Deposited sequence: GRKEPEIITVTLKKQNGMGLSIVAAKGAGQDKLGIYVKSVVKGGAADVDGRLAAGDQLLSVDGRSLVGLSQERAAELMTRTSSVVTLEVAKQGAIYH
């Protein structure tokens, strides 16, 4: 067989696929990544709204702006969550 050398930088994160939707914008969990930190914790689910990150509101901003705020963080991040935010 063909033998190649592949170097990967692991994706470090909470294990969450997010989407922004509307009235102000809101950040919702599209999917919880299998085996990721959010999945092992067991509290988060698809459809939940991420209201904030470390005291900073996640309302009225784009997916990219929410991602900038949620990745800027240290190893440990605190989320305020509205269970099934589609209320």
(message) No C-alpha coordinates means not modelled. Give me those stretches of the deposited sequence in order.
(response) 1-4, 27-30, 96-97
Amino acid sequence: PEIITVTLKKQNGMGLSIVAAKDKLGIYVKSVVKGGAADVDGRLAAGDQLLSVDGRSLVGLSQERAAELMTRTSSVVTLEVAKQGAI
From here on, numbers count along this sequence of modelled residues.
(message) Among the modelled residues of this chain, does the Cα B factor of residue 76 put it in the lowest, middle or highest third?
(response) highest
(message) How does the C-alpha B factor of residue 70 compare with the rest of the chain: lowest, middle or highest third?
(response) highest
(request) Going by the recorded CA B-factors, say which third of the chain residue 63 sits in, lowest, middle or highest. (result) middle
